[PDB]
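I have placed the structure first, in the form of structure tokens, so that the comments after it can refer back to it.
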4 protein chains.
Amino acid sequence: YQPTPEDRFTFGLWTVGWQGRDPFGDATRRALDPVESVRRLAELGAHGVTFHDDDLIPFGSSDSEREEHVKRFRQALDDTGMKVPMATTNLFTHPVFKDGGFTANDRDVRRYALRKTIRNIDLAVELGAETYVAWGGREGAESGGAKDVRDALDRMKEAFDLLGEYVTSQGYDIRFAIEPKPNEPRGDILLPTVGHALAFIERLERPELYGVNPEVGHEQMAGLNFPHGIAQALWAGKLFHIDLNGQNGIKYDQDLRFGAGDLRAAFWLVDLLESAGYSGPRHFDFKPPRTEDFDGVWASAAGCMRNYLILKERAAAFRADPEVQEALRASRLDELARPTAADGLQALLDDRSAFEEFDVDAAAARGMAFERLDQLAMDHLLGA
Amino acid sequence: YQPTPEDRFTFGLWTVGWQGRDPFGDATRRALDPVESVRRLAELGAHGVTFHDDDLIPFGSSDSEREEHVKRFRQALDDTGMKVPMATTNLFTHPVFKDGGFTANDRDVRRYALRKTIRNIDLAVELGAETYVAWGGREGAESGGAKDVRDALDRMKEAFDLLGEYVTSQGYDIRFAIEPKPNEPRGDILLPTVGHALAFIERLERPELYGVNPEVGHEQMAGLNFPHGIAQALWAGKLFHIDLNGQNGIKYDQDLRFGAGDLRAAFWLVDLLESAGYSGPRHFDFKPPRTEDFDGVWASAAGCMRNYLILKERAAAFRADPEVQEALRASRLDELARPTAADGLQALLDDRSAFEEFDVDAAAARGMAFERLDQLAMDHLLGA
Amino acid sequence: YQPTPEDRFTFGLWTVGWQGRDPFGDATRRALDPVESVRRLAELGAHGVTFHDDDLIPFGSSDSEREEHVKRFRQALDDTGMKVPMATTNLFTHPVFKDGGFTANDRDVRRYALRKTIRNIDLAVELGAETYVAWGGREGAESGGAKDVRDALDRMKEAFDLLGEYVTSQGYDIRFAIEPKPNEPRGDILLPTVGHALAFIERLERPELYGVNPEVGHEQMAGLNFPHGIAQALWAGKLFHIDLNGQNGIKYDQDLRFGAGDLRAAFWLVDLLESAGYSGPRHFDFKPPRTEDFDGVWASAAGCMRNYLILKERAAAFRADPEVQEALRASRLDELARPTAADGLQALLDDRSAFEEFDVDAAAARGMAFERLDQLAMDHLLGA
Amino acid sequence: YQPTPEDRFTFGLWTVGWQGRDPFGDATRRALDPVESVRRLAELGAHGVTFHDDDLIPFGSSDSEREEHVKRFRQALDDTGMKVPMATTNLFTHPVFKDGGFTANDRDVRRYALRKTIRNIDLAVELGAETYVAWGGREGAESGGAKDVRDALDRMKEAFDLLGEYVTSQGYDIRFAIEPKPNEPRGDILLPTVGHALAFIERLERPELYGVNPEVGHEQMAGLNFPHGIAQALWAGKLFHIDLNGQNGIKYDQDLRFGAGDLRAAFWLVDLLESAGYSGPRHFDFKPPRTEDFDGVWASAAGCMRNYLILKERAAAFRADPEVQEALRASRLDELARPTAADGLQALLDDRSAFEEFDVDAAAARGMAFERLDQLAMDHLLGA
Ligand SMILES: [Mg+2]
Ligand SMILES: [Mg+2]
Ligand SMILES: [Mg+2]
Ligand SMILES: [Mg+2]
Ligand SMILES: [Mg+2]
Ligand SMILES: [Mg+2]
Ligand SMILES: [Mg+2]
Ligand SMILES: [Mg+2]
């Protein structure tokens with residue numbers, strides 16, 4: 001189970017670089033030079049790295065320091081063969097963003113947020129990124145009166161429309177992906193799930209430029225089925241990117257390594273991604289637990305990729321097993337894929353076998369055989 | 001706080017008519033004749049009632065018994081002045097629907113589900129209903145392999161498209177509203193939240209015919225902010241109907257009377273509905289607890305309407321209070337409603353006050369004054 | 001992975017016998033004769049069965065019908081070699097228990113509940129049961145004023161004390177196990193977790209007669225770590241019995257087959273039970289999904305036992321792996337098992353290496369190596 | 001609704017002093033001098049303040065700086081009349097505690113944790129504290145193999161037993177209160193609820209010295225009923241202290257001001273505390289949202305006390321209302337407080353009215369009238 005760059009595994013600088021500061025504790029690890037992270041990730045078999053602007057260029061850096069930082073970073077990419085497929089903006093750490101970026105109540109902050117984002121889109125394009133992610137972590141509220149959500153959605157649409165006008169006018173070949181999260185650090189965050197993000201995109205002026213970047217743990221913080229949500233995103237043609245990690249239920253955002261948390265959900269996710277032919281990066285947005293030293297950081301990163309590859313093998317074996325293929329037919333998955341009424345509305349209305357002479361009791365007695373199918377899935381996952 | 005029919009309060013037959021059967025217990029109340037429910041609800045001050053087909057006409061009824069049941073029902077409506085603004089299909093109780101209706105794996109069941117629905121659309125139109133609700137309670141899965149969600153969404157789109165073709169071809173003036181629920185009775189239900197439903201509607205052939213019927217408790221079963229979700233539905237122009245009740249957190253669907261459960265969420269909901277000018281029915285989908293006899297059923301129903309009217313008064317007092325209006329300006333809710341960049345993209349790019357010469361530290365130091373605003377909201381809710 | 005009676009697997013009559021009635025649907029399966037369930041479970045490799053009084057003898061049965069039902073049941077046990085290690089009372093289905101049994105507000109109901117329980121203790125002892133389980137499913141409330149919880153705990157203590165006096169006075173060799181559940185069917189249930197049950201037991205007059213019967217899914221309905229709770233129960237010497245099933249997060253009680261739901265929690269549970277030498281029954285309290293016919297019921301039951309046996313093998317391989325044993329020492333699990341201060345209080349106070357000259361920065365820099373240990377656990381679970 | 005010191009309101013230094021650092025953002029407020037917090041809280045009407053050792057004396061302070069800091073603090077207490085009823089240890093912020101204090105795998109860390117705690121017990125006693133709180137925020141795990149929970153409970157018992165030996169040997173009049181939390185910052189925290197803490201205390205060598213310090217938001221992070229848990233703690237005689245705040249459901253620990261979050265749970269909590277005659281401090285462990293400047297900090301603190309006093313008035317009016325008293329009798333709360341069988345076991349067995357001639361159908365038909373009682377409670381809370 002050794003990763004190759006053709007497995008398309010990517011990591012954020014802020015993942016292995018997380019120093020371990022949490023709401024109740026100081027950092028347990030020293031800062032990582034982005035250049036060292038690139039080289040260590042390259043040796044593990046990753047395909048590339050992603051960044052927030054403030055990960056690479058500390059806030060307030062002079063334009064000269066900014067150019068020096070980018071040059072060192074570019075040299076590390078050249079030295080390693082690593083790519084930068086995705087970038088994002090930090091609109092959440094600095095105190096100015098305490099009430100949001102694109103939907104801050106203060107108009108001057110919203111303008112500043114847009115200019116900060118546009119500056120990093122230029123840099124992302126320069127470094128070859130194909131997707132630009134927006135996680136509106138501070139867009140939301142702790143109390144009901146603080147945010148008129150209709151006005152806030154107007155402002156969010158205005159911001160994304162302006163960003164689309166910018167990339168269109170510059171001729172950039174980059175697309176946007178909205179990353180939903182239900183809560184944390186705000187009490188409730190706007191566009192809290194994949195569904196809300198997908199719905200919002202359809203109201204943008206140029207919807208074809210926007211998709212979603214769902215994260216395993218975020219949908220699970222709402223108790224939702226992550227593979228189901230990914231299926232809906234794929235169905236809509238909007239899965240532009242994906243963030244892989246682990247989460248144990250409805251609680252704070254754990255960002256465990258992928259494979260940890262809900263293991264069977266991870267199996268069904270990989271099954272779906274591989275069956276659907278998802279060709280984007282397999283990006284890990286995880287945090288090595290602050291119990292770990294730097295050797296544990298690399299072991300945790302390695303485990304992300306290993307667990308994906310193990311699950312990929314087991315899901316492939318599941319789908320290729322002739323007894324599973326017969327069980328799928330026994331459960332009528334083949335019939336689910338057939339149109340209900342390709343014969344059309346009036347033929348359905350005239351079809352006495354669909355109502356007047358339909359034997360409901362015979363249909364009701366047919367078992368779905370789902371439990372046998374699921375135990376075959378369990379046996380394959382466990383190698384049993 | 002006495003309701004009038006002009007308050008637009010409606011109840012489902014299945015609400016006050018719930019006999020109290022739960023997964024662990026027998027019924028504690030006798031069946032209610034729909035005619036008696038209409039008259040008792042009329043005396044409480046309700047504006048109308050809603051029904052599933054199987055609430056009014058027991059499953060398997062002959063066409064003659066069906067006509068007799070409708071006639072008795074129509075006479076009760078005429079006797080009381082009660083209206084029927086909404087109707088729905090029961091595609092969840094009968095065993096034939098154990099794997100769903102519109103997305104059952106068995107094709108013959110899906111055809112039967114559509115014919116059962118179409119028959120009740122005709123009846124709903126006959127009785128004057130303006131909205132037809134679809135709650136896909138059995139559409140979903142308990143295990144990963146049982147349902148290919150992309151194929152299931154294809155089937156769900158096919159079913160709703162066929163329904164839209166039906167109403168269009170018949171010239172009916174009725175619209176559809178999808179009611180999301182995250183889980184129960186299926187392990188995960190398709191279109192689990194308002195967001196997922198809104199996103200799905202945009203892929204239908206005639207999206208203007210479809211909106212959402214969100215329910216307080218259902219979004220709270222995902223830990224989501226119900227007023228936020230309603231705001232997004234209103235923002236999209238898709239709030240066709242609404243189901244009011246109470247829910248205490250992430251657990252089984254409690255269907256408590258409205259006002260119970262999360263009281264402050266109920267206050268912010270009423271504030272939003274009244275401020276936005278929502279003109280649809282205020283529908284209660286609640287269950288009188290099975291601890292109650294029939295006098296408790298009517299007390300619980302009365303409390304639904306009373307709590308709405310109390311909250312309506314308190315929210316109106318909140319918005320009209322001059323000290324609240326000044327606090328809203330102190331928190332810059334006025335600035336949230338102003339466009340970020342009506343001056344346009346290039347002016348924003350050339351605006352040095354938006355980035356180069358923006359004083360981030362002065363902006364960051366400005367308190368949002370949200371806690372004072374929220375305590376004014378608390379004082380008004382409590383009459384303090 | 002074939003079960004033998006020496007694996008101590010047991011099932012409730014109400015598990016494979018569940019007809020599939022849920023809050024929104026009719027039964028999908030016919031009733032099972034308890035005699036047929038005993039024989040089918042015996043053929044699958046189970047060691048025994050458990051029952052509620054009302055599973056075996058329908059409510060209201062004459063004393064003659066009761067004797068006939070027990071005799072048929074006893075003959076099936078004799079024919080199959082099946083044992084009855086546990087029994088319980090149904091104090092939740094009949095409408096008289098709508099506000100509880102032992103803590104119903106009505107005093108006459110509480111007396112009736114106790115007499116119904118005592119009658120079944122006599123039967124359980126006659127059939128050889130060693131543990132008597134109490135699940136107070138109706139003890140609780142939907143609203144705050146309905147139940148004074150201090151008075152209700154007084155009544156619950158009174159009931160269990162009377163039961164202990166009964167078994168002591170009759171010389172029975174049976175013990176009691178309280179089964180906690182946080183909610184459903186009541187809005188909140190008294191003694192909602194393993195912890196609350198353990199704490200309550202210490203206030204009973206004869207605490208040695210009472211322990212807990214924790215259920216996987218119930219603790220997970222509170223988002224708790226089930227292996228952690230079992231460890232505390234074992235630590236207290238109170239794990240008298242255990243209910244195994246699966247649950248996907250905080251939602252309604254799913255009662256999925258064991259192994260489904262949180263797979264890694266199931267692995268750590270089996271690891272703990274086998275390492276601690278738990279010698280009680282491995283009881284499955286699960287519901288075959290109502291999608292299933294009777295062949296699916298037996299496949300689901302078989303999968304309970306299969307998944308336990310697979311996990312038992314993998315946990316044993318984990319603990320026996322020399323690289324895991326070295327990793328445990330690397331993470332200082334050996335030091336966790338050593339006393340902090342067997343040298344005593346005053347020696348600790350005089351130990352300058354414990355404070356004055358303790359190098360906190362050297363200690364803080366030591367990685368815990370937990371992520372490498374957890375990936376070894378993952379590899380072993382998956383057979384990788 | 002103006003607080004007086006006789007209302008016994010207390011605040012932690014770390015509450016109004018929270019600078020607003022969260023997992024995703026920098027501090028939004030400057031540090032508060034503890035002396036200024038004491039004076040500002042005194043002017044709001046608080047009775048006293050609480051502290052962690054590291055709040056008052058920064059980690060690593062020389063013994064001379066420590067004496068200067070305590071003297072300045074003592075002078076502020078003398079100047080204001082403020083008391084220090086409770087103190088606690090910070091065993092969670094410094095990196096050395098990354099795997100816990102009392103249950104760290106490393107033995108030398110556990111010894112250091114005990115010495116750090118003992119040093120602050122001496123200081124707490126010097127300043128007049130009656131309760132010493134232990135919140136084991138780092139005791140727990142993110143993965144299953146990292147912590148043997150039985151060994152960890154052995155170590156936790158060893159630590160608390162040693163602390164009890166210390167206070168007994170020094171003749172101190174101080175008691176201990178364990179503060180449970182289910183998760184955050186560890187993936188799962190040991191003793192996650194009030195129940196688990198109560199159960200653990202009964203295994204300590206001197207259980208009379210230990211009780212619980214439950215926090216509103218912590219029990220709600222497990223979806224539990226906080227008033228129910230407080231009732232069980234009072235029933236056990238173990239409510240030594242209480243932490244008041246607000247929380248919106250199962251998510252990260254919000255620490256909202258008291259009254260926010262679940263408003264009706266706050267009403268039933270105050271009802272219980274006042275009816276039971278709880279005489280301990282009313283302590284607020286809350287965080288002013290980081291959106292706020294220092295004027296918002298004091299408004300949030302003021303709102304804690306105001307909301308308690310409003311709810312106290314409404315609960316008192318509820319219990320004193322003659323129509324509520326009659327409704328309580330209608331719901332048989334009076335019968336709940338009467339013994340089930342003060343006549344004894346054998347009389348219950350001989351009582352034919354308790355079983356043989358009990359009319360279950362008449363009993364089952366009696367409504368509990370809980371919904372009318374709850375709407376009276378709602379009307380009183382809202383002043384309607
Ligand atoms: Mg995350
Ligand atoms: Mg992410
Ligand atoms: Mg509902
Ligand atoms: Mg509804
Ligand atoms: Mg269960
Ligand atoms: Mg059970
Ligand atoms: Mg807290
Ligand atoms: Mg606290």
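Throughout, a chain's letter reflects where its sequence line sits, starting with A, and its residues are numbered from 1.
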Side-chain contact test, heavy atoms from C-beta onward, threshold under 4.5 Å: evaluate it for [X] versus [Y] and give yes or no.
X	Y	answer
A/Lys116	B/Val360	no
A/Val109	B/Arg332	no
B/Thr340	A/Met156	no

Considering non-hydrogen atoms only, spot the tightest contact between [X] and [Y] and give its length.
X	Y	answer
B/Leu336	A/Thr103	CD1-O, 3.5 Å
B/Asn105	A/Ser331	ND2-O, 2.9 Å
A/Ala199	B/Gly195	CB-O, 3.8 Å
A/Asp188	B/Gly223	OD1-O, 4.5 Å

Option that, when pairs with chain B are counted at under 4.5 Å, heavy atom only, ranks first among [options]:
options	answer
A/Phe318, A/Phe97, A/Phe358	A/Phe358
A/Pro192, A/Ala341, A/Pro182	A/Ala341
A/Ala363, A/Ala159, A/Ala337	A/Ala337
A/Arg110, A/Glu335, A/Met221	A/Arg110
A/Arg366, A/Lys157, A/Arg338, A/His228	A/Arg366
A/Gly344, A/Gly60, A/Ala222, A/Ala146	A/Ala146

Top residue by heavy-atom pair count (under 4.5 Å) with chain A, among [options]?
options	value
B/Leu198, B/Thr193, B/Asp108	B/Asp108
B/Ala231, B/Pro95, B/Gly144	B/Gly144
B/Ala276, B/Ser169, B/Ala369, B/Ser353	B/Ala276
B/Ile230, B/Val324, B/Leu224, B/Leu234	B/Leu224
B/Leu190, B/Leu348, B/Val96, B/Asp99	B/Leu348
B/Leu349, B/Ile118, B/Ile250	B/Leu349

*Go through the atoms of A/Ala104 and report whether side chain, backbone, both or neither lie under 4.5 Å from a heavy atom of chain B.*
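Answer is backbone: N, CA, C or O of A/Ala104 sit under 4.5 Å from chain B.
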
*Please flag which part of A/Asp343 lies under 4.5 Å from any non-hydrogen atom of chain B: side chain, backbone, both or neither.*
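The side chain, not the backbone.
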
*Kindly assign one of parallel, tilted or perpendicular to the pair B/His196 and A/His196, based on the angle between their ring planes and the thresholds 30° and 60°.*
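Geometry flag for A/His196 against B/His196: perpendicular rings.
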
*Residue by residue, which of residues 371-378 of chain B have a heavy atom closer than 4.5 Å to a heavy atom belonging to chain A?*
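So far as heavy atoms go, B/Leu373, B/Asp374 are the residues that approach chain A to under 4.5 Å.
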
*Flag, side chain of B/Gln232 to backbone of A/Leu191, donor-acceptor distance under 3.5 Å*: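 No.
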
*Donor-acceptor under 3.5 Å (B/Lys98 side chain, A/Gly367 main chain)*: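 Checked: no pair found.
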
*Sort out for me which residue in B/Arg115, B/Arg111, B/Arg107 forms a salt bridge (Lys or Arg N to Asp or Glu O under 4.0 Å) with A/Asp351.*
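Exactly one candidate clears the test, B/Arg111.
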
Counting only non-hydrogen atoms closer than 4.5 Å, does [X] touch chain A with its backbone (N, CA, C, O), its side chain (CB onward), both, or neither?
X	result
B/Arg119	side chain
B/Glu356	side chain
B/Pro339	both
B/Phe200	both
B/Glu158	side chain
B/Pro227	neither

*Only counting residues at least two apart or in another chain, list the ones meeting ring-ring contact (aromatic ring centres under 6.0 Å, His included) with A/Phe370.*
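A/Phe370 satisfies ring-ring contact (aromatic ring centres under 6.0 Å, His included) with no residue once adjacent residues are dropped.
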
*Using ring-ring contact (aromatic ring centres under 6.0 Å, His included) as the criterion, list what pairs up with A/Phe102, not counting sequence neighbours.*
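Scan of A/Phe102 (ring-ring contact (aromatic ring centres under 6.0 Å, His included), adjacent residues dropped) gives A/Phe160.
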
*Select all residues of residues 147-155 of chain A having any heavy atom within less than 4.5 Å of some heavy atom of chain B, and report them by number, or 'none'.*
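Only A/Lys147, A/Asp148, A/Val149, A/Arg150, A/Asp151, A/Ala152, A/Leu153, A/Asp154, A/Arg155 of residues 147-155 of chain A have a heavy atom under 4.5 Å from chain B.
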
_Does this structure show an ion pair linking A/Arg203 with B/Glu202, if we count only N-O contacts that are shorter than 4.0 Å?_
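Answer for the salt bridge query: yes.
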
